[PDB]
Structures are given as C-alpha cells and as structure tokens.
Amino acid sequence: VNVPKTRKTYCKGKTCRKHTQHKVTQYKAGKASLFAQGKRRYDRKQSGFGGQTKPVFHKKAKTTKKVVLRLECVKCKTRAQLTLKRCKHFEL
Amino acid sequence: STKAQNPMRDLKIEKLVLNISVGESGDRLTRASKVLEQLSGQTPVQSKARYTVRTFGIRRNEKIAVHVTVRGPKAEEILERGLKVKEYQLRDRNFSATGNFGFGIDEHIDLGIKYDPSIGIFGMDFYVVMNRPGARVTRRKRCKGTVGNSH
Amino acid sequence: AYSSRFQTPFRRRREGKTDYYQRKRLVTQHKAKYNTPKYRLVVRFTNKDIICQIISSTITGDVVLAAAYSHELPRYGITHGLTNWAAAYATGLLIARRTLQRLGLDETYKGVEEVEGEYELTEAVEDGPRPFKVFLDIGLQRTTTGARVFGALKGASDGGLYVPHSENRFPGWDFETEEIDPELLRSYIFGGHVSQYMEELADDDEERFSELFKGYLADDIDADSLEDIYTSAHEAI
Amino acid sequence: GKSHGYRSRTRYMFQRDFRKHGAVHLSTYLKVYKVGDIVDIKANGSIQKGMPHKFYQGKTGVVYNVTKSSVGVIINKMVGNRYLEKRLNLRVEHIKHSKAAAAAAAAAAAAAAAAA
RNA sequence: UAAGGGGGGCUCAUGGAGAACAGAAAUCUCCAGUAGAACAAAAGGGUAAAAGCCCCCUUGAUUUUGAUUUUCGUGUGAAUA
RNA sequence: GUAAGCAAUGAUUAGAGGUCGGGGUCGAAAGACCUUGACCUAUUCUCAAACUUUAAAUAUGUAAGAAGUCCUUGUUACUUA
RNA sequence: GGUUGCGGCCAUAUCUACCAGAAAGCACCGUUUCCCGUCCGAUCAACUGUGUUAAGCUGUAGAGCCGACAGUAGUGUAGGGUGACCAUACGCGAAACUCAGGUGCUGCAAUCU
RNA sequence: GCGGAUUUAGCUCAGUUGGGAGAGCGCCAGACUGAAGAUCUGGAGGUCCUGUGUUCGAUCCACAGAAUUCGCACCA
C-alpha cells in the first residue's frame, strides 16, 4: 500500500481546526546519544553479577510495524501521527 | 391473429446496427471506423468485447473492433442507403431461423467509399435485423419494403 | 421452486413498480414525508393529478394526515385541461400551505409547518449533516435538469413544508426547457422563453394547463403565454 | 484440530438460510424495540458491522431497553457457567420477536369478582 | 493513492440461431435463459435490492469522544449509540 | 437432520432413441451410399462423511409461569424542540 | 357497480393453453430546431388514431401444488436376550400409499358510480 | 557509522571527461585446396547497466536506481 507523501486533509493537531494542506513526512536521525539508560549500564559493567548480561547485543523487532505518515501542519509546528495502517514495502 | 395487427406488432424497429469486422486493427482500425462514419454521418463505438476464451493472446478487455448502433427513424435512413443500391451489387437474401438479415458487400467502392480512401479490399456489414420472432415474420418487414429475394 | 429450498419473489416487485433498495435508506427518519403514489413526498409525472400527503402512524403503513390534491387548483381560478409546467410548481406550494387536510382551508391545524418539531442548525458541512427533514421524492425516472419534480420542490420549500435544496438540478421561473414538434400555440409558467420562440412558431401535441405534465393546447383560447392565467392561482392561495 | 472464530462447529449460525437467501427485507430492519420486549436471535453475513456472536445464539432473551437510539442495543441471556448477568450486543436486523402471550394472563384473571 | 467517499447509468457468464467475413467467435444480432459468472490467496460464505458490469468528478487511509454492552482468571480484545 | 432420500451434487450398473463422429464400400485428392457408438428424452435400475428437498418421541438451553397485578385521568422535569 | 396506487407478504402467493373489455381511469401509436444526453430522442410535446402493449378479469384443469381413513421403522428413563444381531417395558408414533382436494389472505389511499 | 573497484556484439575483451565505438573465438553463406587446415569476401550480431536530464551535439557530463565485487569502522 502507499499513502501519498503529501495530502490535504482535516487539521489533525487542532491548531487551525478548519481544514488545511498537510505534508506527509518522516523523522530524522543524528548522533548516537551515549547518555541513555541501557548504554549507561552496558559499557560500565552491570546487570550486577550473572553472566555478561550487561545490556547486550541486538534488541530487535520485526519488518514493518506501522507506517511513518507524519502530518505536519502549515500553521504551527504541531505533529500528528495516528494509528497508521500497515504496509510491507513503503518508500518516502 | 398471430399477435400482429397494429403498427407496433407489425414492426416499429429497435436497432439496425452497422459493423465492420476488424481482423487487422492497430493502425488500421482507422479504416473501419471512418468508413462507418462516411456512410452514416454518426460517431462510431469502438467496441466492448465478450468474456470468452482467450484466442490469439488478447480477446476481452481491449476495445478491438468498431460498430455503430442506431435506433428510431434515424435507422430507417441508413437502411435505405444499404438496401436501395448496395443490395443490388452482389447479394441475395440471407436469413437465419430467427431471421437475421446480414449484409456483406466487398464492393465498398459503389456507395460511400471509393478505392482511394481504403488500404486494400474489405467489405462492411449491416445487421439490418427485425425484432419479431422467426424468419417467417422478419421476412415480412423486408418484403413489404420489397428487397432482393432469391425466390 | 428452483434448486434446494427456495423463495419465490415478492408479488409487487414482479409487478414491476415497487422497489426495495429505495425502501431501505429513506424511511428511517420518519418525519413529514409520505404520498400514496410511491412513497415519501413524491411528485410524479402523470396524465393528470398527483396526490401529495404526509405521514400518519398506522400498522400496515402510512395513512393520510394532512394532504392536498392537484384538482384543488380550479379552487382558485384555473379552468382549462389537466396538463402543464405551472401546475407542478402550484401543487407543491398548495400541499406545503395545506397542513390541514384536503377538505380544509390553507392554514395549519395538525402541528407541522416544516416538519414534526424543530431542531438544531449549525453551519454548513457536507457528507454527514443531521438531515432531520423532508425528502421531495422523484419516484421513478431520470433526474434531468429542469424537470417538474424540482419545479414542485421550489414551491414546496419556503411555501411551508420545508425540503432544503441548492440551485443546480433545478429549473428557474423565466427559463424552463422544453422541446417542440410543429403545430402552433403556447402556455408556460409565467411567459418566459416559449414566447420568444414565437417569432418562428410551431409547438404542439398533448392538451394544456391545470394539473401535471404535457403542455400548451393548439386552439386559440389564449395565443400567447400570459401571466394572468397563473397569477389567478398563485396570488390567490 | 479446529481453529475458533467465525464458522467453526455451528456453520448454520453464521449462515443465512437457503430458502431465505438474498438481501434481508424491511421486516426486522425497521422494527425497533424498547423496554421489556421479548425477542430471539439468528445472524447472517448480510449485516457486516454489528454482527452478534455465534455461541450466544441458540439462546432466546429479552430486550433490556434500546439504549439511546437503534444501534448498539442489547439482549439479555444466561451463559452456562452459572446464573450471572450476561447480555450480547448487536444492531436491529438480527433481533426477532416472540412470546408476548404469558403476561396477558393477569389481565385475563382480573375478570373475577364482578361475576357475583 | 486508488485497487477509498458521493452522484448517475446497467444486468451476466453462457447457449441456440448465422453473418460476405471466420480462424469457435472476433465486432454484431435476433431468440432463449437469469444470483451456477465475478471473488488478491486457500476454504467456507455472501449476493441481482447487488458484493458483478459501465462512465465522470471528488481525497473521510478523518479530528475529539463514547452511552450501553461483548468478554478471557489474566495479559489483551470487540460491538459502540 | 438421527429419521428418510438420490431433488441438487457424487459414483456406476440397464433398455433403447440418435445429431455428429467413426468404420466399410464405390470414387484421382474432391464426391456419394450405408452403419456401430450422443446429449436430449422415455423406459429400466444401481447409488455418496465433506451429498440433503422433507424433518419425531426423548434429553437439554433460554425466556416465562404454576406462588397477584392491570388500567384511567391530570401535573412536573429530563430526554425531547 | 368500476379503475388506479400503497403495501404487508412468499412457493397452496406458480405457469401454459385460450377468451374478452376501453376513455371516469390506464397503455400503445408517431416524431424533433434547441436545452440536455448519447451509439441511438431515454428531458418534452394538438385535434385524434387504437387494444399492439401492460396492469386486470372471465372462462378453464393441462401441470406445479396438495390429502385423510389407514398402515408403520427407530428410541431416552429403563428392562429382557444374541458370534457376525434380535426383541421388550413405558410415553409418542411418518414419507412410501390413498378416499380425495384446489384459482390466496388481510389492512390502507385517491377518484367516479 | 563510511568509502573503493566493475557492468562494452552470444562468449573472450580492447578502449575513451562532448563531433557520438573497436577486434578475436563462434554463427552463417561464396570463393580457395586433391581434401581438412589456413585465409579473404559478403551476410551480419551493440543506441557502451537502467529511469530521467544538460547541450548545437551525448557511450562520455548530472541527479537517482539495479546488480556482481572489495575494504575499514561497529561494541568493546
């Protein structure tokens, strides 16, 4: 399935209320954080005693969970993502 | 009677369809459609197709040939153009059991077209049928207008 | 009947007049919309009259509560045949004002003017409003622009029994339309465009005036489409 | 062996009827209920949104009330655990009509004393 | 991203009967019949009031909620005015 | 759907009817004369867990009753105009 | 006395052979600048011509469909016997087969008599 | 987390930042030899990976994708 990568629709995050042009986009990436809970426990030496269970390798998930259709408003900065329906192969 | 008394159950007609078989198409569909248009003076239908078994490679889905359906007194004029001159080329009476009168005249050159607008040889159909059951009853409409019968 | 255990079809469906899809999403509201010809507030084409009613609660179906009639137009001052444009507008206005009953004056008595009760009115949104109002039903044929159904809807609306509407599928008053085969005469709503065709002339097959649908009438009783005929009904009601 | 859900075991309770096949007429469609109307139940795959459950057919029941309007309405019936307040949701078409005979016994009985 | 909403229009697959043609037929037509065709992918199942055929324009792949109930011990889930 | 059955669908036994096909014979290929196998249908007869037109006693659910509630007129507030 | 509509409502409401009526009311007959639509006159249109049409009714039994009286299988709760089965307490008891039967039921609206 | 090579006629491959491409082996046909080999002639076989651009003009330059191939970093 493909949702279009721009539609006009209702003003979802109701900063206008009345219907506007939205832009259907996706999020960013940047650094690696470093200060984050499992990263603080991992390279330290923790999980206490018991193995090398110091928060380990790949903590995973499956193929496509939901789809990233973020409806950015043209008035404010406001974001709306809903419960988005599924796809097996999407592109932006 | 035999339910046949009034002008309706004599026969006011439905349709007297003209067709041209298009066993070529591609570039040359413009031959068939423009020949229909030149005799009648009407917009042809680039046709539907029935759902049957897939002969050649494609049969159904593609708008393959071309016909033109016409009803009313508008149909009786184009009937006269095929009857009054084009029947008296090479044609004797054809009728099925239900009583379908077809036409199929390789002389496209007499009425309407010449050899100049054409690609090569071909004829054209005129399914000038009658909505009343049986070839005893269809032949009644054509014999009151007096067509060329082979006895 | 057919294969297995099987149901034979409904008689009125086979009879070729009663529909059932139209009978689903239409009746659910139960405000002021019924007529004996078909169902809901129908404006039919006929050779002559239409009945036009509203709902009434009875076991078998709807019964007459308030109503009018098309031959309750010579009531005012039309005296001709049974067939034109002007009668459709007039009978729509007549039933809308006649929220008494057929034997009555052009007054309210029952309860309704527009519908049963009053309700809310927001600003205009489409698709899903709260449509608690009157359907002016077509009945059978094609919803062609300019037709008698929509001409009767205009008379009905702000006349009393309120069916809402835009101005797209509708005739006007000045411009109706209208086709012609040759003889010689005219009738209309008011005057309009048929009296402009009267430079070339020739118009007729099918009687005139008083009730719904058919035309003009050829014999010289009134040769031009004048206002005086229609205004004897329209201003009088 | 079997999976659960739709048509398993009681296929007939999912199913329409062979005799009464086709689209459902305006009988139980327009017949909306209120307090204390005794009713029955049988489904089909004709009404899509608001189809009742198959296990909780077979059982009869009474309408509690119609809550607000027409859709989202309920029918009371026991489930075979023990006696407990259990119901079932559905919309109008699945609901039938039954024994309004029994309650008219009291009105028949009351024609007693004045025969003196 | 139309392979959605709304309006308007239509009833089949298929057979018989042949028509210059024809190769079953192409296209068409008279005559007869009507949910047996059509169904992402499997099996059941629905359906002509159409869930099939046909044509054009629309963007609801929607915000904020939920009476009253499904209902598993639960995690967790549905009908839902 | 036990019961009972071959409508529908499923698997095969019988009489015969008979288009076309197949075989035989005369014919240059082409054409002509005969005849053993078809639906249909009449007569005769078999028959099925994913095949069911019709459809108990008897046990069981769920509701209701044997153990007292039905109905008229007027007013107030919500829903509801 | 009749015509037309709304139904509710599906197989005792279904079909054929064949007859018969016309303007209270209904339906066919016949055709088109220009709106409006296309492949096509499916929106709209005078005196009149006419039962072609369709709703309906009479005449009618050919077929769907239909039925007593009578005959009868299984069997709970139990209770008596047998190798591949048969027979009973006790409460009810069909098709197949047949005397025979058969042209719906009910409510509502408009108009004339 | 980040970068390098390669894609050219069936197959083997020669070769290139703008005037738009090249030979063997094989395939076919005619010469030629006493014949097979050898070799000329004629037939040919590709818009240089693909979608879309820049330019007077594109194998060549650009944005972007397919796909064989190769390496460091990963967290520790």
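Residues numbered from 1 in each chain as written, not as in the entry; some residues may be left out. Chains lettered and ligands numbered in written order. Part of a larger assembly, values for the part shown. Heavy atoms only, no water.

### Considering the overall build of chain C
Here is the rule: Only DSSP runs of H or I with at least four residues qualify as helices, and only runs of E with at least two residues qualify as strands; both kinds are numbered from the N terminus onward. Three labels apply to residues, based on accessible area from a 1.4 Å probe with only protein chains included: buried if under 20% of the type maximum, exposed if over 50%, partly exposed otherwise in between. We call two residues in contact when some of their heavy atoms are within 4.5 Å.
For chain C, the helix and strand inventory stands at four helices and four strands. Seen along its three principal axes, the alpha-carbon backbone of chain C occupies a region of about 65 × 50 × 40 Å. Looking at chain C as a whole, 41% of its 237 residues are labelled buried. Nonlocal contacts in chain C, meaning residues at least 24 apart in sequence, comprise 56% of its contacts between residues at least 6 apart.

### Some points on a positive patch on the surface
In plain terms, the rule: For patch detection, residues must exceed 30% relative accessible area and be free of salt bridges, and they are connected within 9 Å for like charges or within 5 Å for nonpolar side chains (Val, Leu, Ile, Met, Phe, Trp, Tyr). In these tables, accessible area is a Shrake-Rupley quantity obtained with a 1.4 Å probe, and a residue counts as shielded only by the protein chains included in the view. When a carboxyl oxygen of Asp or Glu is within 4 Å of a side-chain nitrogen of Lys or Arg, the pair counts as a salt bridge. Charged-residue counts in this description rest on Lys and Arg as positive and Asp and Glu as negative, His and the chain ends being excluded. By convention, charge coordinates are those of NZ in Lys, CZ in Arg, CG in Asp, or CD in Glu.
The grouping of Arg-40, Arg-41, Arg-44, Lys-45 and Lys-59 of chain A at the surface amounts to a positive patch. Note that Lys-59 of chain A resides in the loop between helix 1 (37-42) and strand 4 (70-72).

### Focus on the sheet that holds strand 2 (residues 45-46) of chain B
Residue and element names in this part refer to chain B. As a reminder of what qualifies: Paired strands, in this sense, are two strands between which DSSP finds at least two bridges.
Reading across the sheet, the four strands line up as 2-3-1-4 and stay open at both edges, with antiparallel pairing between neighbours. Looking at which strands have only one partner, the edges of the open sheet turn out to be strand 2 and strand 4 (125-127). Looking at chain direction, strand 2 and strand 3 (residues 66-68) are connected through two bridges and run antiparallel. Looking at strand 3, one finds that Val-45 is bridged to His-67.

### Some thoughts on the interface of chain C and chain D
Test applied: Throughout, buried area stands for the accessible area (probe radius 1.4 Å) lost by two parts on being put together, summed over both. In protein, a polar contact means a hydrogen-donor-capable atom and an acceptor-capable atom, both N or O and within 3.5 Å, with residues adjacent in sequence counting only if both atoms are side-chain atoms; elsewhere, any N or O pair within 3.5 Å suffices.
Every contact between the two is made by nine residues of chain C and, on the other side, eleven residues of chain D. Of the roughly 960 Å² buried between chain C and chain D on both sides combined, carbon and sulfur atoms contribute 56%. If you look at where chain C meets chain D, you find two salt bridges. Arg-5 of chain C is the salt-bridge partner of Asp-17 of chain D, the closest N and O atoms lying 3.6 Å from each other. Linking chain C to chain D there are four residue pairs in polar contact.

### A few points about a nonpolar patch on the surface
Nonpolar side chains collect at one region of the surface, where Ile-109, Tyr-115 and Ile-121 of chain B lie side by side and expose about 330 Å² of accessible area between them. If you trace the backbone, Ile-109 of chain B turns up in the loop between helix 3 (73-83) and strand 4.

### Overview of helix 4 (residues 135-144) of chain B
Residues and elements named next belong to chain B. Counted only if it meets this: What the arc describes is the spread of directions from the helix axis to the C-beta atoms.
Three or more residues of helix 4 are buried, namely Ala-135, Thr-138, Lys-141 and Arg-142. For helix 4, the buried positions fall inside an angular range of 115 degrees around the axis, keeping them on one side. Those residues of helix 4 that are exposed and angled more than 90 degrees off the buried face are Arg-136 and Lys-144. Residues of helix 4 that are buried in the fold lie against helix 1 (8-11) and helix 3.

### Here we look at the packing of aromatic side chains
To keep it simple, the criterion reads: Two aromatic rings from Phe, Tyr or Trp, using only the six-membered ring of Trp, form a pair when their centres are within 6.5 Å; if the ring planes differ by under 30 degrees the pair is stacked, by over 60 it is edge-to-face, and anything between is tilted.
Under the definition given, this model contains eleven aromatic pairs over all chains. Consider the rings of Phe-95 of chain B and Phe-101 of chain B, whose centres lie 5.2 Å apart with planes at 80 degrees: the pair is edge-to-face. Of the two residues, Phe-95 of chain B and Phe-101 of chain B, neither departs from the other in class, the shared state being buried. When the centroid spacing of 5.2 Å and the interplanar angle of 45 degrees are considered together, the rings of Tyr-119 of chain C and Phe-132 of chain C count as tilted. Residue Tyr-119 of chain C is found in the loop between helix 2 (86-97) and strand 4 (136-137), and its partner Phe-132 of chain C is found in the loop between helix 2 and strand 4; the two are separated by 13 residues along the sequence. For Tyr-119 of chain C, a relative accessible area of 24% puts it in the partly exposed group. With relative accessibility at 25%, the residue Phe-132 of chain C sits in the partly exposed group.

### Looking at helix 3 of chain B
All names here are of chain B. Looking at helix 3, one finds that the buried residues are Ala-75, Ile-78, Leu-79, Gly-82 and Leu-83. Relative to the axis of helix 3, the buried residues are bounded by an arc of 140 degrees and lie together on one face. Turned more than 90 degrees away from the buried face of helix 3, the exposed residues are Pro-73 and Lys-74. Looking at the buried residues of helix 3, the elements they touch are strand 1 (17-20), helix 2 (29-39), strand 4 and helix 4.

### A few points about the packing of helix 2 of chain C against helix 3 (residues 148-157) of chain C
Residue and element names in this part refer to chain C. Heads up, the rule is: Throughout, an axis means a line fitted to C-alpha atoms (over the contacting stretch in the case of helices), and angles, computed between N-to-C directions, take values from 0 to 180 degrees. In a left-handed crossing the near helix is turned counterclockwise from the far helix by less than a right angle, and in a right-handed crossing that turn is clockwise. Just so you know the grouping, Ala, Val, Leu, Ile, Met, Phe, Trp, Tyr, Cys and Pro go in nonpolar, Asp, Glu, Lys and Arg go in charged, and all remaining residues, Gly too, go in polar.
Packing of helix 2 against helix 3 leaves a shortest axis separation of 7 Å and a crossing angle of 40 degrees. Considering only the axes of helix 2 and helix 3, their crossing is right-handed. On the side of helix 2, the interface is formed by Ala-88, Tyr-89, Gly-92, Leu-93 and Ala-96, while helix 3 contributes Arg-148, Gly-151, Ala-152, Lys-154, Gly-155 and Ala-156. Tallied by class, the residues present in the contact of helix 2 with helix 3 amount to six nonpolar, three polar and two charged.

### Describing the protein's contact with RNA strand F
What counts here: Each residue is tested against the molecule or strand, and it is near if at least one of its non-hydrogen atoms lies within 4 Å.
Lining the immediate surroundings of RNA strand F are 20 residues, of which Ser-4 and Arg-5 of chain C together with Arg-19, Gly-58 and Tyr-83 of chain D lie closest. Sugar and phosphate atoms represent 75% of those atoms of RNA strand F found within 4 Å of the protein. In this structure, a phosphate oxygen belonging to RNA strand F sits 2.9 Å away from a side-chain N or O atom of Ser-4 of chain C. Between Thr-60 of chain D and RNA strand F, the recorded distance is 3.1 Å, taken from a side-chain N or O atom to a base nitrogen.

### What to know about the protein's contact with RNA strand H
Around RNA strand H, the neighbouring residues are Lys-39, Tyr-42 and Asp-43 of chain A. Within the side chain of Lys-39 of chain A, one N or O atom sits 3.0 Å away from a phosphate oxygen of RNA strand H.

### Structural notes on the pattern of salt bridges
Residue and element names in this part refer to chain B. Under the defined criterion, the tally for this structure stands at 35 salt bridges over all chains. Two residues, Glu-76 and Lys-141, come together in a salt bridge whose shortest N-O distance is 3.2 Å. With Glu-76 in helix 3 and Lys-141 in helix 4, this pair connects stretches of sequence that are 65 residues apart. Overall, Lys-141 belongs to the buried group, its relative accessible area being 17%. Each of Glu-24, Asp-27, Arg-28 and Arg-31 takes part in salt bridges that share partners, so that together they form one network.

### Some thoughts on the nonpolar core
Residue and element names in this part refer to chain C. The cut-off we apply is this: In plain words, nonpolar cores are sets of buried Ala, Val, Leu, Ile, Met, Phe, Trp, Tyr and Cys residues tied together by side-chain atoms within 4.5 Å.
Grouped together as the largest cluster of nonpolar side chains are 44 residues, with contacts concentrated most on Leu-41, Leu-136 and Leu-161. In terms of residue count, helix 2 provides more of this core than any other element does, eight residues in total. If sequence neighbours within four positions are ignored, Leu-161 has contacts with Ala-32, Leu-41, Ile-54, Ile-95, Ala-96, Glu-113, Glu-114, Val-134 and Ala-156.

### Regarding unusual backbone geometry
Residues and elements named next belong to chain C. Omega for the peptide link from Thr-177 to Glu-178 comes to -20 degrees, which places this bond in the cis form. Structurally, the position occupied by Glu-178 is in the loop between helix 3 and helix 4 (227-234). Residue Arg-40 is not a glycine yet carries a positive backbone phi of 75 degrees. As for its position among the elements, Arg-40 is in the loop between helix 1 (11-14) and strand 1 (41-42). Of the residues examined, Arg-40 reaches a relative accessible area of 5% and is grouped as buried.

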